[PDB]
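*Asks:* Going down the list, the protein sequences come from chains Q and R. Quick note on numbering: the first sequence equals residues 35 to 224, 241 to 312, 1001 to 1111 in the authors' numbering. Quick note on numbering: the second sequence equals residues 35 to 224, 241 to 312, 1001 to 1111 in the authors' numbering. Cβ coordinates follow ideal geometry from the N, Cα and C atoms, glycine included. The following block contains the structure, expressed as structure tokens.
There are 2 protein chains.
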Amino acid sequence: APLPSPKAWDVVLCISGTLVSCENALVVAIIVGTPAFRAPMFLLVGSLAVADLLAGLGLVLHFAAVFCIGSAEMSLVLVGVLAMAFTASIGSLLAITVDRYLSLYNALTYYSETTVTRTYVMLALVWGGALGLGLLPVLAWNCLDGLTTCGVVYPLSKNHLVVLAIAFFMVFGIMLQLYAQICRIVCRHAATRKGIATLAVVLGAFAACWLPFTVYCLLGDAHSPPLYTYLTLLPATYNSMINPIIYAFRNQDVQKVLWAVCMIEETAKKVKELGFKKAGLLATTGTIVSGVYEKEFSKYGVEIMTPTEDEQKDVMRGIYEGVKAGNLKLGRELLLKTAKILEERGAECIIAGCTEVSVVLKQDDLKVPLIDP
Amino acid sequence: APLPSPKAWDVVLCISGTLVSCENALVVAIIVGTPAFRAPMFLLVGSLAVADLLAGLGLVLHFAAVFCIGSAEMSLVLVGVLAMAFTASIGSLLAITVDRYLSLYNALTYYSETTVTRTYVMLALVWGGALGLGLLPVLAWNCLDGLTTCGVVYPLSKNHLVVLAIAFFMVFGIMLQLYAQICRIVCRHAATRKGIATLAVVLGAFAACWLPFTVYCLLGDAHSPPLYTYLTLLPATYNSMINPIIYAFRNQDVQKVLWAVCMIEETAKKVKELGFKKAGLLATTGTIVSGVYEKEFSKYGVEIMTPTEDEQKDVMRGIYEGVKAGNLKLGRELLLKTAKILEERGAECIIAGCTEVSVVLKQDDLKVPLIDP
């Protein structure tokens, strides 16, 4: 009983897995190495790295099993561990994105607490959650009995593959909505092409790398041509190799370690380019309290001025009790007196943080330039 | 060529469709009737109502066509318009929930023209997608022709049903993440039992009535028993009939016109029950500015006092530069002079809006009771 000589696609898969493991070995090594990199966000990156390394090891071991080994059960356990690793990688991506969202959101409500209630509950639910879906394909969902349809990848039952695809589509939807929220929040703290490209390649790469296999899984059949599955399984390993370059090496702290081994932002730009060192502000009380303008304009060395709390309440009325309420005259009067006193105090430019200020106040009403977002 | 006598499941479906149409007719008529009900969020409810009415009309017309008409083209266009209506219904539900979430996210900027543009774009997009995945695919690419291996519902191709199922699962993921966010953000104005029950029941209502079928969409083929299809389609009509009771028919002004035709809430009510009319607050600057605490306690007639701006900055240091920074002594120092001056001014009780205050402040340190969230 000699082992048939594998076709070239087998050695292509072997090379892909080999470079995947080689690429991730260094990243897991450095992640686990330096004692300083024990931040809560680093644990998720480590989880992703070890999951992908496990995937590569499983792939090369399976190729070995199909190369002068001639075994039966080891092939089954290797396909099981491969499914384990892929589900773990998808869970690591979801956990990373949810951590990033919760990080960038908490800087507005100003309420941060706990590290064991949140990080470990989801870190243990991605590897632990994959236990069931990595033990089902071996326990009682095999193809050797004969009753199972054994749809696409031999041996895997139709039901198990369908369940996996449903889970994948669910997590894709959650990821899409999360990225929409993060883009909406980060746009405010900003041109259009750069803003889109900030988060447009990662989601496109994820989709273009993982969609074809699941689409085939749904549409396929047992008697499908054999080259189709081999053609569609490559993007999964390609994403496995791409992901650590884009989610781990981009962080500049690891870059420093290696080198040792080896709408408001643009407004601030415009203000700094005009040579003005002092700006006055008219906006809502929440906006001034939020502290965004001070940090953004201090990043370029520009100082902002907000009137006193009584004139803050005056601007409150002028915007909402004034322009917004239909009493345009009161709004323009209050805004004009506030702008006048601010200009007298030494401001060379005035910023109208909301549209209502621009509605009743124009350039001709001020000696200094009037600039709006 | 006589028409075979339908099975009793057919008249069951007819009864369900008639009830759906009758229930939705009144609500759509009332919504379109009163000129005062032209709010931006009323348009989405109207769209959902018209979609459900269209679905009911399509179902009853299809039963009619399969009864003593014996026509082929009419049945085809009727099943097409049925798919049209169901897709429109699910899209309208998603639009309603996204509108609610954006409305509850920010309250100041919700009432403007921006929400008008958003509403118009959402309505156009949902009905255009209904056009693109409804009548247009069904009046082509069908089964009443050469071999297409049409799937469970006669006549519908396998590929069309798979595409519909994929879209449904993506929409389900979006809905799940939205409801998680809304449940997170409403459990700060809390009592909690009512909110958690609502946000766990209205989700399951749509989750358990539309997913007997989309799973059968995949695990099945033409050579399938006919009992398994006529049973899983009933929950869709049941959800169609249940929908205009949950999202609509629950607000109060609709009730009035019908009759004419026919964690902080808990603390605030606890303080109110104790008989205290005056409370003092220690929390972050953003929290005191945000206007939540005073609004909630004024809902019960309780007055909250916040320290002056200098003492607010002192509390800022005591929380962050103090307890949070590791200099616990400075934090407790600043917090306890703050509590002392507030108590001397007439505070009958003190609230610690952050855990940091409670860490270094205990009940024995003040004469008045100390209450924490």
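Using a Cβ cut-off of 8 Å, which residues of the segment 201-213 of chain R contact any Cβ in chain Q, in chain order?
*Replies:* The segment 201-213 of chain R vs chain Q, Cβ under 8 Å: 203, 204, 205, 206, 207, 208, 210, 211, 212.
*Asks:* Can you pull the chain R residues whose beta carbon is under 8 Å from the beta carbon of residue 193 (chain Q), in chain order?
*Replies:* Position 159 of the first sequence holds residue 193 (chain Q). Going along chain R in sequence order, the residues near residue 193 (chain Q) (Cβ under 8 Å) are 269.
*Asks:* Please report how far the alpha carbon of residue 1086 (chain R) lies from the alpha carbon of residue 1009 (chain R), in whole angstroms.
*Replies:* For the purposes of this step, residue 1086 (chain R) is taken as residue 348 along the second sequence, with counting starting at 1. For the purposes of this step, residue 1009 (chain R) is taken as residue 271 along the second sequence, with counting starting at 1. About 10 Å.
*Asks:* Which of helix, strand or coil does DSSP assign to residue 1007 (chain R)?
*Replies:* For the purposes of this step, residue 1007 (chain R) is taken as residue 269 along the second sequence, with counting starting at 1. It is helical.
*Asks:* Which residues does DSSP pair with residue 1018 (chain Q) in a beta bridge?
*Replies:* Translated into the one-based positions of the first sequence, residue 1018 (chain Q) becomes position 280. Residue 1018 (chain Q) is bridged to Q:1043, Q:1088.
*Asks:* Give the single residue among Q:285, Q:58, Q:135 whose Cα lies nearest to the Cα of residue 263 (chain Q).
*Replies:* To locate residue 263 (chain Q), count along the first sequence from 1; it is residue 213. Considering only alpha carbons, the answer is Q:285.
*Asks:* Check whether chain Q comes within 7 Å of residue 287 (chain R), counting only Cβ atoms and requiring the distance to be less than that.
*Replies:* In the second sequence, the residue the question calls residue 287 (chain R) occupies position 237. No, residue 287 (chain R) lies away from the interface with chain Q (no Cβ there is under 7 Å from its Cβ).
*Asks:* Can you tell me the Cβ-Cβ gap for residue 1108 (chain R) and residue 1088 (chain R), rounded? I've got them flagged as a contact below 8 Å.
*Replies:* The residue labelled residue 1108 (chain R) in the question sits at position 370 within the second sequence. The residue labelled residue 1088 (chain R) in the question sits at position 350 within the second sequence. Contact flag correct, Cβ pair sits at about 6 Å.
*Asks:* Using a Cβ cut-off of 7 Å (strictly closer), state whether residue 144 (chain Q) contacts chain R.
*Replies:* Reading the first sequence from its first residue, position 110 is the one you call residue 144 (chain Q). So, interface residue.
*Asks:* Between the segment 1003-1021 of chain R and the segment 1035-1043 of chain R, do three or more beta carbon pairs fall short of 8 Å?
*Replies:* Touching, yes.
*Asks:* As a quick exercise: from R:44, R:121, R:61, pick the residue whose alpha carbon is nearest that of residue 94 (chain R).
*Replies:* For this step, residue 94 (chain R) is matched to residue 60 along the second sequence. Nearest option by C-alpha distance: R:44.
*Asks:* Go through its chain and collect everything with a Cβ distance to residue 87 (chain Q)'s Cβ below 7 Å, but skip five positions before and after it.
*Replies:* Against the first sequence, residue 87 (chain Q) aligns to sequence position 53. Within the same chain, residue 87 (chain Q) has close Cβ partners 55, 58, 59, 62.
*Asks:* Report buried or exposed for residue 39 (chain R), applying the criterion of at least 16 other Cβ atoms within 10 angstroms of its Cβ.
*Replies:* In the second sequence, counting from the first residue as 1, residue 39 (chain R) sits at position 5. So residue 39 (chain R) counts as exposed.
*Asks:* At 9 Å on the CB atoms, spell out the chain Q contacts of residue 196 (chain R), in chain order.
*Replies:* The sequence position of residue 196 (chain R) within the second sequence is 162, counting from 1. Result: 265, 268, 269.
*Asks:* Give the residues of chain Q in contact with residue 1024 (chain R), contact being defined as C-beta atoms less than 7 Å apart.
*Replies:* By 1-based counting over the second sequence, the position of residue 1024 (chain R) is 286. In chain order: 144, 1027.
*Asks:* List the residues of chain Q whose Cβ lies closer than 7 Å to the Cβ of residue 1046 (chain R), in chain order.
*Replies:* Counting from one through the second sequence, the residue named residue 1046 (chain R) turns up at place 308. The contacting residues do not exist; residue 1046 (chain R) stays about 11 Å from chain Q at best.
*Asks:* Could you pull the start and end residues of the alpha helix (DSSP H) that residue 302 (chain R) belongs to?
*Replies:* As a first step, residue 302 (chain R) is located in the second sequence; it is residue number 252 there, counting from the start. Residues 302-311.
*Asks:* At 8 Å on the CB atoms, spell out the chain Q contacts of residue 1093 (chain R), in chain order.
*Replies:* Along the second sequence, one-based indexing puts residue 1093 (chain R) at 355. The answer, in chain order, is 147.
*Asks:* Suppose you measure from the CA of residue 222 (chain R) to the CA of residue 1039 (chain Q); what does that come to, to the nearest Å?
*Replies:* Counting from 1 along the second sequence, the entry for residue 222 (chain R) is found at position 188. Counting from 1 along the first sequence, the entry for residue 1039 (chain Q) is found at position 301. If I take the Cα positions, the gap works out to 38 Å.
*Asks:* Taking only the alpha-carbon atoms, compute the straight-line gap between residue 193 (chain R) and residue 270 (chain Q) and give it to the nearest angstrom.
*Replies:* As a working note, residue 193 (chain R) is residue 159 in the second sequence. As a working note, residue 270 (chain Q) is residue 220 in the first sequence. If I take the Cα positions, the gap works out to 11 Å.
*Asks:* When you compare only the Cα positions, how much space is there between residue 1007 (chain Q) and residue 1043 (chain Q)?
*Replies:* On the first sequence, position 269 is the one that residue 1007 (chain Q) refers to. On the first sequence, position 305 is the one that residue 1043 (chain Q) refers to. Roughly 18 Å between the two C-alpha positions.
*Asks:* Cutting at 7 Å between CB atoms, please list the residues of its own chain near residue 1062 (chain Q), excluding the five before and the five after it.
*Replies:* For the purposes of this step, residue 1062 (chain Q) is taken as residue 324 along the first sequence, with counting starting at 1. Same-chain partners within the cutoff: 1094.
*Asks:* Which runs of the alpha helix (DSSP H) fall wholly inside the segment 1022-1071 of chain Q and span at least 4 residues, in chain order?
*Replies:* Qualifying alpha helix (DSSP H) stretches, in chain order: 1023-1028, 1030-1036, 1047-1054.
*Asks:* Any Cβ of chain A within less than 7 Å of the Cβ of residue 135 (chain Q)?
*Replies:* Among the protein chains in the structure shown, which are Q and R, there is no chain A.
*Asks:* Where residue 129 (chain Q) and residue 219 (chain Q) are concerned, what is the direct C-alpha to C-alpha distance, given to the nearest angstrom?
*Replies:* In the first sequence, counting from the first residue as 1, residue 129 (chain Q) sits at position 95. In the first sequence, counting from the first residue as 1, residue 219 (chain Q) sits at position 185. Computed Cα separation, rounded: 19 Å.
*Asks:* Below 8 Å on the Cβ atoms is my contact criterion, and I expect residue 121 (chain R) with residue 167 (chain R) to pass it. Report the Cβ-Cβ distance as a whole number of Å.
*Replies:* Counting from 1 along the second sequence, the entry for residue 121 (chain R) is found at position 87. Counting from 1 along the second sequence, the entry for residue 167 (chain R) is found at position 133. Rounded, the Cβ-Cβ distance is 6 Å, consistent with contact.
*Asks:* In whole angstroms, what separates the C-alpha of residue 1050 (chain R) from that of residue 1026 (chain Q)?
*Replies:* The sequence position of residue 1050 (chain R) within the second sequence is 312, counting from 1. The sequence position of residue 1026 (chain Q) within the first sequence is 288, counting from 1. Going from the Cα of residue 1050 (chain R) to the Cα of residue 1026 (chain Q) covers about 16 Å.
*Asks:* Checking the sheet assignment: what are the DSSP bridge partners for residue 1108 (chain Q)?
*Replies:* To locate residue 1108 (chain Q), count along the first sequence from 1; it is residue 370. Per DSSP, Q:1088.
*Asks:* Can you grab the Cα-Cα spacing for the pair residue 149 (chain R) / residue 159 (chain R), in whole Å?
*Replies:* Here residue 149 (chain R) is taken as the residue at index 115 of the second sequence, counted from 1. Here residue 159 (chain R) is taken as the residue at index 125 of the second sequence, counted from 1. Going by the C-alpha atoms only, they are around 15 Å apart.
*Asks:* Using the rule of at least 16 other Cβ atoms within 10 Å of the residue's Cβ for burial, across every protein chain shown, is residue 124 (chain R) buried or exposed?
*Replies:* On the second sequence, position 90 is the one that residue 124 (chain R) refers to. Burial call: buried.
*Asks:* Work out the CA separation of residue 77 (chain Q) and residue 115 (chain Q) for me, nearest whole Å.
*Replies:* Along the first sequence, read from residue 1 onward, the residue named residue 115 (chain Q) stands at position 81. Along the first sequence, read from residue 1 onward, the residue named residue 77 (chain Q) stands at position 43. C-alpha separation (whole angstroms): 22 Å.
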